[PDB]
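When the chains are written out, they are named A, B, C, D, E, F and G in that same order, and each has its own residue count from 1.
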Amino acid sequence: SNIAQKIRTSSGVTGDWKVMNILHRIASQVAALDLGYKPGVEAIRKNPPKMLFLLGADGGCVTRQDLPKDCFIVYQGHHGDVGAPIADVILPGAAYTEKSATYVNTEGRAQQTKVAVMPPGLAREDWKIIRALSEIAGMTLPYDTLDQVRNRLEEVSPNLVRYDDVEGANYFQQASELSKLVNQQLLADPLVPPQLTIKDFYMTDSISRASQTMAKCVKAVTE
Amino acid sequence: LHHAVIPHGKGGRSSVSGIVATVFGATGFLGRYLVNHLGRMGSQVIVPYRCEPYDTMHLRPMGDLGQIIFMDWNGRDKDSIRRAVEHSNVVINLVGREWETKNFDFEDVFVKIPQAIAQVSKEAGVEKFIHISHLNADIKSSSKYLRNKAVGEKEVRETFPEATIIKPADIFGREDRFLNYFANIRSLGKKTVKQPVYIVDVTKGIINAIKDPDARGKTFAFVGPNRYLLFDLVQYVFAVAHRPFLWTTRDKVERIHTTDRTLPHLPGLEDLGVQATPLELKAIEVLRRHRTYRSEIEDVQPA
Amino acid sequence: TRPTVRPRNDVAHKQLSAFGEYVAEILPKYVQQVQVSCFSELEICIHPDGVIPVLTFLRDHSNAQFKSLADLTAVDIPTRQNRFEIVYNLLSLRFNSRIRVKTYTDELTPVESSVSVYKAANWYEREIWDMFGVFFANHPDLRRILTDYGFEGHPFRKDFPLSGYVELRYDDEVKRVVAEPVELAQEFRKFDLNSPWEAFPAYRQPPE
Amino acid sequence: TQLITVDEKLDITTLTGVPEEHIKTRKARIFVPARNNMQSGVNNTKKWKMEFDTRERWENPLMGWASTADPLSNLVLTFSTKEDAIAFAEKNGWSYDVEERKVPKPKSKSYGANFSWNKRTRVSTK
Amino acid sequence: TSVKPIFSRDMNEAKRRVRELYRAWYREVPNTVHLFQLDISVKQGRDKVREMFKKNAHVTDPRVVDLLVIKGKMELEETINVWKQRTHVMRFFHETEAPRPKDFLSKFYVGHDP
Amino acid sequence: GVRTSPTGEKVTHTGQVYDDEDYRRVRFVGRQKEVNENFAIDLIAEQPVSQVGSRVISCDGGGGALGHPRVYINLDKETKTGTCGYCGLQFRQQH
Amino acid sequence: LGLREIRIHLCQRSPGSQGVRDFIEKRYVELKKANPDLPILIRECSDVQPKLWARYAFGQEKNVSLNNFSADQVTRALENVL
């Protein structure tokens, strides 16, 4: 943001060009920060809970070793490999080709999947499981079907109904001056990306981890 | 449970429901209606028959393409019964002839048939075995029929402890035994409380008990909503049959003169959850064959 | 071009061109398109206010007899406002000619019901009412021909699916034939056969 | 004649015979189909296809087929403009999602710039 | 939008024709339930006739109500004749549905069903 | 000639034999699983690997209009014999 | 108890968007300096009524409409909510 404000000042404003941007790896982090979640696991490192929902926790985010004895891990998802032995209640969520979802790319465009194949097994959708869990528990969620879900989606954040369309943000000056309160020491250790080669591109997901074609080309590249 | 035992979609006619039912007997009345409701559910019905293939031919086009299956059995060999319940989700016991033969009696049909099949279904390793028995089956006398069914209830409670003993009253239907037996006559006048219950409510109760657990182990009883007198029942069925008129064994006449009583120590239809229907609608349904051409609903409803 | 190519004639083409021009001259009120195809059959495309005047003119007038009526259909075309196209297919006896009077209509319009001037159009009109859904006013009898009585939905539309909504089976509960929602045993695999690469350049519509 | 004067939407959904389940339960996706990417031809464009959502296709337990409880799933309605698509979808009753038509971008390619002097558009293999 | 009518001019003749047709369907039921030898009392038949008339209650366009009057009059003619059998008149009812519930929870236990 | 699972039922040339938790074992009661006992893999490994003295050779299938359409296959690798996709029978070269 | 979230929903060509852009360009670093742990978040889509939503206390989502309010009026109503 210092580089961004530096080019913002020490130049003539030719237009609404944007120096600065970041990129992500997984789309649901963009969606979860649009809907207003806490990023990172520091709020769990501060307050160890008695009940936690792992909606697709892939790697070593938390374990039973980082938590009190009464865990009650409710895992929800498809072909879990890390955490699925560790968890307490396993719920078979659907997949990305198997439900009408709403996904956000790294630039805020909203793109939705289509139900091409119904999920095999019992294998309900995710919000359907959650609202049925709300009904069976002593409460309710004030909506029934998917159009009402998308109406509450607009009543949480409005860009998630204008499908396949983009609109960029602003306020680089306000973001930069809000960055000017907390000083951290910059550690001079050699920063390196983990995605360094072909094997680490191929293995570092759950769907690519479960397959065999990825394993064949992993052993073909490494050999 | 393996896959292809999970359900899929809607009900019936190549809509895979999740039960595989081995249904003993099933050639007569109640078994045919129960195979009708299971083919409407869209299941796999293994019916064994010992008779001619013409009667299972008449009950054949009920299920869908290859859903129901036919196999032979006997009342002597455990090997054919174990072959019948090799792999089955559920098994129901519906058997018993209302008159004796020269090869099989009232003795040991209800003792030797359910013990053998319950033994081989426990050893084959199935769950949810549903056995029908008649109401008021007691060790107390006046029917070889009823004392044998009481011994049968005690034996199927002793072996295979997680069984569903279920008992209907004198069920009536389109091809009934006792109401058709009343219409086919010529008679006396006495007093006896008796409550018929219609057959489709009973088999809806059976399919709800067969796919709705938390009802395993507990014995159930079917009580019709009427509970009235026999004399006005006979006069009502003659009045709806448009005839004034003011195998018949002694065991059958003592069954229709046995006072059917009910005890609420075992739950009925509402704790299982299906609506019961009164007599008169289905009575006007079944009482055809009046005369050449030929309402006055009595509705005694005693006590 | 001589072997295995159908030889067209120009005498019938010129005569049908002249006759279509003549028909549209003498009936200016109801005529919109007069087309002759490559194989010389006449088509006259018609507003639905003149079915009785055009057919009373064409059955008579002594210079075009056209006694006989053939196919009547109203081909169920989406994408338009007026969907259906009613095709009276008139055959002469003294002349050896074939004309197609194609009038247009939408879903909720009575056309003038040609049963009074062609007695052959009685069951044709009743069949088009039952199958498509186009009501015909001032007409003696409209019933359901070629469909079941308890069946409805006007099935020859493009909106009605291939398999119907009801399906009959016998059952022993009520001892009769009952109707249930359809549960097919096989998918009816629809094939994506319409390949690209524009097999006819002469029929290219102009783009936007 | 022309006696009726009214400006209102059409309500054919009570006349077309399809029940309320398949009226208010499914949804119509209205879209130009994408070009079949292994081929290179946009003759499969220019036709606004209306299709419905897909539903369950389980396995027929005697052969291994694809049984379905879906009458309306095997439809396709090829149209010619978005306006008539929206008009038919609102007329005949069901819900609709109208997607977008995405034209190929008009580029400018040049063999003479494939053989340039100082630029980095030097193909070095032809 | 000067549209040609079917029968009417506005909703007044529509209401008049539909109450005429309901009067005909009311006086047409007991003859048929005596004739085709059904199994259902007259009051339930009349209740489902008025249910079929209450099903299309949100229809406002006069041409559409005219066309529904035509449909009902055709089916009343086919039932006052002896052309339709016992099967179709029982097919108007629903005794063999085992009807699917409408709660979200029992639609959740038998899922993939919005 | 054929393999058989320890459930007692014959496998096919495709390995589709049922488990202990199915009901199609019960649909096979009294009626035999009519399996082809003649596998298609092992009737080619018994064939003689032909050796043809040219470099790129033809394959018809034994008869004009009785057999697959002509395929011309190349035999230039030294450790892997060329293999007709239609026939399945190999070739080699000799020089 | 207290607040959990404050959400602003804006557009890019409106007099109401003109007023709330005046507010959010002039007095936003003040507000974030005041309350640290309120994730008061701003959204802009294309054209919508400028809603202001306060989510707190078991799903009580109180709603005010910031249609053509000026910046003083926006700050006064925001302090009325908060």
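Please note the rule applied: a residue touches a chain if its C-beta (ideal position, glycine included) is under 8 Å from a C-beta of that chain, and two chains touch if they have at least 3 such contacts.
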{"item": "Interchain contact steps from chain C to chain F (minimum; 1 if touching)", "value": "2"}
{"item": "Chain-chain pair with the highest tally of contacting C-beta pairs", "value": "C-D"}
{"item": "Chain ID, smallest distance between chain and overall C-alpha centroids", "value": "D"}
{"item": "Rounded Å distance between chain B and chain G, as computed from the means of their C-alpha atoms", "value": "70"}
{"item": "Whole-Å gap separating chain C and chain D, where each centre is the average of the chain's CA atoms", "value": "27"}
{"item": "Chain C-chain G separation of Cα centroids, rounded to whole Å", "value": "62"}
{"item": "Averaged-CA centre spacing for the pair chain E and chain C, given as whole angstrom", "value": "31"}
{"item": "Residue list for chain B, restricted to those that touch at least two other chains", "value": "4, 9-10, 14-15, 40, 44, 65-66"}
{"item": "Multi-chain contact sites of chain G, meaning residues that touch two or more partners", "value": "none"}
{"item": "Chain pairs in mutual contact under the definition given at the outset", "value": "A-B, A-D, A-E, A-G, B-C, B-D, B-E, B-F, C-D, C-E, D-E"}
{"item": "Interfacial residue positions of chain E with respect to chain A in the complex", "value": "104-105, 108, 111-112, 114"}
{"item": "Chain D-facing residues of chain B, complex", "value": "4, 8-10, 14-16, 44, 65-66"}
{"item": "Residues of chain A defined as touching chain B within the complex", "value": "121-122"}
{"item": "Contacting residues of chain D [partner chain A, same complex]", "value": "29, 53-57, 95, 99-100"}
{"item": "Complex contact set, residues of chain B against chain A", "value": "3, 6"}
